[PDB]
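Shown below, as structure tokens, is a lone chain in the form deposited in one PDB entry; questions about how it binds or moves come after it.
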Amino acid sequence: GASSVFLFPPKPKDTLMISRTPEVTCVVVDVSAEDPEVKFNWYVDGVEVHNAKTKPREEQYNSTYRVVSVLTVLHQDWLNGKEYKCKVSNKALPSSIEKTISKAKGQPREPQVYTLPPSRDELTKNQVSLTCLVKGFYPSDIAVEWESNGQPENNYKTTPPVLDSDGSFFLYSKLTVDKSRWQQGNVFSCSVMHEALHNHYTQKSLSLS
């Protein structure tokens, strides 16, 4: 079952902040109740490692079992482009199944962050859209958040990264707020974390002009 095994990268924020602990996560589903202990082998740049913490089989709501293995990774290892391999050996199956993941290769490029106030035409509405354009970044791993008065905002959506014509990525984040909060002069801030920004962080603000 080369499709019962899933390997997840660390969160973008986790690899960029010293206070956080990035992990790669190997998930195997559909283990039968009659199957023996599923084995995980982990490799970093081809070298086997043994510090993974594997979760005892958890019974599911569809009668199957799930096994999750978690490997903590070093911030710099991930950022320096090391390859993480997860190999899952379920003896009830013919074959072991391997997956590999790593940071995309290529010169990192610094995001340029721009905030855009609502379109004049939208000011007629009950709620208005505050836009954060983030462009020119590489690789596509990035975190974007909105806040106001030191507090996280409740209502925003961010597009996936989109490949631009010069080989870098862009995205937009759309924050929706009541027109009243906008008219009252509240300051809103889009913060962005990416490996190619100084301090891995930058913020741009937006308020009624």
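The first residue of the sequence shown is number 1, and the count goes up from there.
A.B. asks: Taking the recorded C-alpha temperature factors, which stretch has the higher mean, 198-206 or 3-11?
C.D. replies: Between 3-11 and 198-206, it is 3-11 that shows the higher mean C-alpha B-factor.
A.B. asks: Of 51-59 and 172-180, which one has the bigger average CA B-factor?
C.D. replies: Higher mean C-alpha B-factor: 51-59.
A.B. asks: Using the temperature factors in the entry, find which of 147, 35, 164, 141 has the highest value at its Cα atom.
C.D. replies: The C-alpha B-factor peaks, among 147, 35, 164, 141, at 35.
A.B. asks: For the listed residues 122, 98, 110, 77, which one has the largest C-alpha B-factor as given in the deposited model?
C.D. replies: Max CA B-factor in the entry, restricted to 122, 98, 110, 77: 98.
A.B. asks: Could you look up the Cα B-factor of residue 72 in the entry and say which third of the chain it sits in: lowest, middle or highest?
C.D. replies: According to the entry, residue 72 has a C-alpha B-factor in the chain's highest third.
A.B. asks: Residue 46's Cα B-factor: lowest, middle or highest third of the chain?
C.D. replies: Highest third.
A.B. asks: Ranking every modelled residue in this chain by its Cα temperature factor as given in the entry, which third contains residue 104?
C.D. replies: Answer is middle: the recorded C-alpha B-factor places it there.
A.B. asks: When the deposited Cα B-factors of this chain's modelled residues are ordered and cut into thirds, is residue 154 in the lowest, the middle or the highest one?
C.D. replies: Ranked within chain, residue 154 CA B lands in the highest tercile.
A.B. asks: Quick check on the deposited entry: does the C-alpha B-factor of residue 135 sit in the lowest, middle or highest third of its chain?
C.D. replies: Within its chain, residue 135 is a lowest-third residue by C-alpha B-factor, going by the deposited values.
Quick note: we don't show the form deposited with a partner chain bound, though the next part is all about it.
A.B. asks: What I'd like checked is whether 8, 56 and 89 together line its partner chain in the bound PDB entry, meaning each has a non-hydrogen atom within 4.5 Å of it.
C.D. replies: Judged in the bound PDB entry, none of 8, 56 and 89 sits within 4.5 Å of its partner chain.
A.B. asks: Is residue 191 a contact residue for its partner chain in the bound PDB entry, using a 4.5 Å heavy atom cut-off?
C.D. replies: Taking the distances in the bound PDB entry, the answer for residue 191 is yes, it comes within 4.5 Å of its partner chain.
A.B. asks: Taking its partner chain as it sits in the bound PDB entry, is residue 37 in contact with it (heavy atom to heavy atom, 4.5 Å or less)?
C.D. replies: Residue 37: no, not in contact with its partner chain in the bound PDB entry.
A.B. asks: Taking its partner chain as it sits in the bound PDB entry, is residue 145 in contact with it (heavy atom to heavy atom, 4.5 Å or less)?
C.D. replies: Yes, contact at 4.5 Å.
A.B. asks: Spell out, yes or no, whether the shortest heavy atom distance between residue 16 and its partner chain in the bound PDB entry is within 4.5 Å.
C.D. replies: Residue 16 belongs to the contact set for its partner chain.
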